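Accompanying notes for the structure given below.
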4 protein chains.
Amino acid sequence: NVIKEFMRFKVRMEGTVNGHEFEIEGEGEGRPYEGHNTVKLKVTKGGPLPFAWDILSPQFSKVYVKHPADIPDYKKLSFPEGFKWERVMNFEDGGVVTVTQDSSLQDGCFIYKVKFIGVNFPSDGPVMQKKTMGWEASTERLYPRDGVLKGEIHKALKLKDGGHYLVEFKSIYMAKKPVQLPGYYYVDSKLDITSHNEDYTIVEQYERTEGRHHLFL
Amino acid sequence: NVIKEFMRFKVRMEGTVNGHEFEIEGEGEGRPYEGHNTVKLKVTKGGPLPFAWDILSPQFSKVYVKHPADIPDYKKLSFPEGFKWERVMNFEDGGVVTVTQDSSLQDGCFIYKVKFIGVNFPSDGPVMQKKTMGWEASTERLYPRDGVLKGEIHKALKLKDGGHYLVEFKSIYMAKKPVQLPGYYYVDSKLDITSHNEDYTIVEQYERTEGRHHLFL
Amino acid sequence: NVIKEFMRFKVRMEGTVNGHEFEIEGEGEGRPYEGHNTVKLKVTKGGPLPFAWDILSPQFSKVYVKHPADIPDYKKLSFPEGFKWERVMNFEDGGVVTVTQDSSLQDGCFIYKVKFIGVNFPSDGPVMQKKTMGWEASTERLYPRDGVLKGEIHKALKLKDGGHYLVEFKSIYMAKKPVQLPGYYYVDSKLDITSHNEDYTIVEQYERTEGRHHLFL
Amino acid sequence: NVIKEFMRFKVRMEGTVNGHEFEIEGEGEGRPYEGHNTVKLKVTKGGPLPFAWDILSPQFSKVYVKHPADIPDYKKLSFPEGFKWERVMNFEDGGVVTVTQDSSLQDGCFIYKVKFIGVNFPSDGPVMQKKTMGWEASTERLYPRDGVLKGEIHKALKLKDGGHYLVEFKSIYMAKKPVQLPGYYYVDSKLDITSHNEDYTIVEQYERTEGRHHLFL
């Protein structure tokens, strides 16, 4: 087995939001079978960011989702080769983001390569004015489709003046080799920003993430 | 107590799907504080239906959602006056449905009046070809907004040739009198068709529905 | 040919916007082959309306669209039997409307029966606060699909304090019996509110609508 | 004065579609005040492309749009500094694309830098199976919003076996310096693939694009 009880990872993101180009690099670690992982990020180019860090936080590790024995762990089974993941984030005020990523395993460490493009965010909106205060804990709905695994989430960012800023996530997970696909299931996640410097150029995150069947089944 | 341990309801739906006009009348019952109810429906006009019954099933009782003590039960608190609910159902193949309903209390019995309009369903699609096999259990994401309660769900209809037919639900719950609104929370639901006649003109449904905080909190 | 150079019509709408029920009845007339028609409406029940009239204005006659000889006039050809039309109106601030209609012909007079359900409009939004000042002239993109005619438009309502309120229209035109379908084409339209009383309970409208190929063809 | 009657351009694209990375370089020319331009493209990395070329064709020069004297030419006025343009392409089968671009003027030649991310395209769909055969001529609806110029289009890809594959374009044009914005208007366009080799690694395109008021005004 190539996936140990403790695994480290390296991540690199090249992105663009409302015309602003940036590059982020980071290191992370966690326990794949327990559903715990952490990551320390640094904005290497284009810093400081003129937008909310929160839109970038869920783009930095679903191989770390704790899966019970009866639910095929598609993402873990895809290794050593790995998987690719794609995403559409539809924000309630017109903002749209598409993400494309490659997950590989090189010398016992997971390697993540992310590309991000965020467009149509209002200048006076919560993203461009940094009015967000982290994500609420979420629940993803997953199912097999077109030979790959897909998942959707109704997420929300908490606001400074109170209230929520709603975002719909549509994710696609694609294995680099044909492996076992699960049926209809759910993934609960809670991402927290554990520490950050004043301008968000150095950020530390934590994520608890577990897969399960619906409670009524 | 205005809402008793055991409550009955009467429901009437006037609808249109792909130009086909129909009317449905029903009678139901259940336990509001336990999170479960049943309903028997009869197609009084426009029978037999040339589309999947399943798209109509979740339009026939959220006052029956079991809520913990720490989550304000907005829908129960709205009574004797009651509440109105509205909904948008966005199907993956282009089909769209808007629903509008009024919930009142007349002489110890809940009265539900539903109006349904379903449009843009492909003639060769699972709705018009009756290829659906019930809903999978679901999880609604709720939050307060614009002085009322809103909730969204990523639902799915099971297909007989295998696979899923995806539908996004967007619901709005509006009290007739200003009552206490809850915060961010979730409602798990599971609707089953318990019995039906050959042409789906007489149908019986069961729904278990419970409110809760996200499992990681 | 059952459709003459001058044709009259009568229309009735039963609708609901944000829980508010209403009924509208009207009489109209126009010239089918010239591309223009007029209509006088009166709110028979639910008057005065607490929302903007403008959202109802495009639901009151596409058989009146002028078509050149080289573009099959599907809607005119559908008569004496007639056609049914359905619509989805997606507003930028979340408001969603579905409309279903039946168009028939009785002794030289077209009979229109409309059902309208409008949901999710913000209470402080331009619809519920009556801040709209009529529609801008529009351009519909049409094409045949699933044995019927479809069309989409990027429309906009002019705002009182300046700016626009965007709405995407998705319409489906369905002949009761199969008749010749056109290919890809466009329809230019301009609807005007010619007169109205103070509370919009009596309203007169004018529409100019003509079909054409794209100008670069 | 800076934009001459005849202007040349260089374009570079770094993109990803369904996990497949590619790079495209090209050179074009045309007449800005007349509303027409040409471009020759070469796939420099990731060739041959396993998807339809057509989705990339409209990403390679709106400074070339012929504008009448009464409609402020925002994009031409933005020069020598230039503009940035962003886009969302919503395909009817779930595919989503976000594009971000930078347009500048260097040594009397326009320089275009494009980043493209395409996600959620079905493996058996029109894009991944190359079932498309060019775009139909289109009509963009433009308006000023949030201090910038926005435009939406209901586009369509012609299918090899007949019918259309629908795509909704949402574009945002942002000048690098505060310049005069137009009002509500339209842009007609027709993009043709004039020449290509067997695997689409070398492609030549032509575009005729002109701005105008609605025909009824």
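The chains referred to below are lettered A, B, ... by the order of the sequence lines, with proteins before strands, and numbering in each begins at 1.
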A:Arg87 and A:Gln59 side chains, donor-acceptor separation under 3.5 Å: yes
Whether over 12 other heavy atoms sit under 6.0 Å from A:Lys160 NZ: yes
D:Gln129 side-chain N/O to D:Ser123 backbone N/O, donor-acceptor pair under 3.5 Å: yes
Spacing of OH belonging to C:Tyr186 relative to OG1 belonging to C:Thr139, to within rounding of 0.5 Å: 9.0 Å
Short side-chain to backbone donor-acceptor contact, A:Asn197 and A:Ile202, under 3.5 Å: yes
Test log, rule side-chain contact (heavy atoms from CB on, under 4.5 Å), inputs A:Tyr200 and A:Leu49: CA-CA 7 Å; A:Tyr200 286 86; A:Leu49 306 178; 5.8 Å; no
Ring center gap for A:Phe60 and A:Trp53 short of 6.0 angstrom: yes
Distance in Å, D:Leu157 CG paired with D:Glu136 CD, rounded so as to fall on 0.5 Å steps: 9.0 Å
Side chain proximity check, C:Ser138 to C:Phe169, heavy atoms < 4.5 angstrom: no
Side-chain touch D:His214/D:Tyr184, heavy atoms, less than 4.5 angstrom: no
Closest non-hydrogen atom pair, D:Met7 against D:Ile3: CG-CG2, 4.0 Å
Check: D:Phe79 ring centre within less than 6.0 Å of D:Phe110 ring centre: yes
Intermediate values then yes/no, side-chain contact (heavy atoms from CB on, under 4.5 Å), A:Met13 and A:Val99: CA-CA 10 Å; A:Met13 180 195 272; A:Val99 196; 5.6 Å; no
Any A:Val39 side-chain heavy atom under 4.5 Å of A:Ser61 side chain: no
For the student: nearest non-hydrogen atoms of A:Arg141 and B:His154, plus distance: NH1-O, 3.3 Å
Non-hydrogen atoms of D:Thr132 and D:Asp54 that approach each other most closely: OG1-OD2, 2.8 Å
More than 12 heavy atoms of other groups within 6.0 Å of A:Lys10 NZ: no
side-chain contact (heavy atoms from CB on, under 4.5 Å) evaluation trace for A:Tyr112 with A:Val63: CA-CA 11 Å; A:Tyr112 301 152; A:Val63 66; 3.5 Å; yes
Residues A:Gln101 and A:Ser103: side-chain donor-acceptor under 3.5 angstrom: yes
D:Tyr33 six-ring centre to D:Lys76 NZ/CZ under 6.0 Å and within 45° of normal: yes
Residues, nucleotides or ligands: over 12 heavy atoms within 6.0 Å of D:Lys158 NZ: yes
Value rounded to 0.5 Å, distance of CE in A:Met89 from NZ in A:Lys170: 14.0 Å
Other residues, nucleotides, ligands: >12 heavy atoms within 6.0 Å of A:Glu27 CD: no
Side chain to side chain, A:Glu25 and A:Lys42, heavy atoms closer than 4.5 Å: no
Closest approach of D:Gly30 to D:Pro32 (non-hydrogen atoms, all atoms of both residues): O-CD, 3.5 Å
Audit row: D:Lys66, D:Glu34, salt bridge (charged side-chain N to carboxylate O under 4.0 Å, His left out) steps and yes/no: CA-CA 5 Å; D:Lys66 185 184 191 302; D:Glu34 294 184 19; over 6 Å; no
CA sep, side-chain torsions, deciding dist, call: D:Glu168, C:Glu168, side-chain contact (heavy atoms from CB on, under 4.5 Å): CA-CA 11 Å; D:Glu168 187 199 26; C:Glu168 187 204 29; 3.7 Å; yes
Side-chain touch A:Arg12/A:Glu23, heavy atoms, less than 4.5 angstrom: yes
Rounded distance [0.5 Å steps], CG in A:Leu56 versus CZ in A:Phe116: 5.0 Å
Residues D:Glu152 and D:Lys150 bridged, charged N to O under 4.0 Å: no
Shortest non-hydrogen separation from D:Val17 to A:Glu86 and the atoms involved: C-OE2, 4.5 Å
Reported OG1-to-CZ distance for the pair D:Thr38 and D:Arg31, which is rounded to 0.5 angstrom: 11.0 Å
Residue pairs involving residues 110-120 of chain D (criterion salt bridge (charged side-chain N to carboxylate O under 4.0 Å, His left out); sequence neighbours excluded): A:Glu21-D:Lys115
Separation of D:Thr44 OG1 from D:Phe22 CZ (nearest 0.5 Å): 10.5 Å
Exceeds 12 heavy-atom contacts within 6.0 angstrom, atom NZ of D:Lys84: yes
A:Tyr64 and A:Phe9 aromatic ring geometry - parallel, tilted or perpendicular at 30°/60° bounds: tilted
Distance under 6.0 Å and angle within 45° of ring axis: A:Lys75 vs A:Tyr173: yes
Minimum-distance pair of heavy atoms, taken over all atoms of A:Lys131 and A:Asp124: NZ-O, 3.7 Å
Note: D:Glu207-D:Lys62 ion pair, threshold 4.0 Å (strictly below): yes
SB check D:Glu140 D:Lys155 (cutoff 4.0 Å): no
Compile the donor-acceptor pairs under 3.5 Å between side chains in residues 90-98 of chain D and protein atoms, sequence neighbours left out, one pair per line.
residue: D:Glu92; atom: OE1; partner: C:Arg145; partner atom: NH1; Å: 2.8
residue: D:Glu92; atom: OE2; partner: C:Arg145; partner atom: NH2; Å: 2.9
residue: D:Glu92; atom: OE2; partner: D:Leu166; partner atom: N; Å: 2.9
residue: D:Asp93; atom: OD1; partner: D:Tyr165; partner atom: OH; Å: 2.6
residue: D:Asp93; atom: OD2; partner: D:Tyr165; partner atom: OH; Å: 3.4
residue: D:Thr98; atom: OG1; partner: A:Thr98; partner atom: OG1; Å: 2.4
residue: D:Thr98; atom: OG1; partner: A:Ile117; partner atom: O; Å: 3.4

Note, D:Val179 side chain near D:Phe83 side chain (heavy atom, < 4.5 Å): no
Whether over 12 other heavy atoms sit under 6.0 Å from A:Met128 CE: yes
Beyond-backbone contact of D:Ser189 with D:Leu191, side-chain heavy atoms, under 4.5 angstrom: no
Min side-chain heavy-atom separation D:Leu41-D:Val11 under 4.5 Å: yes
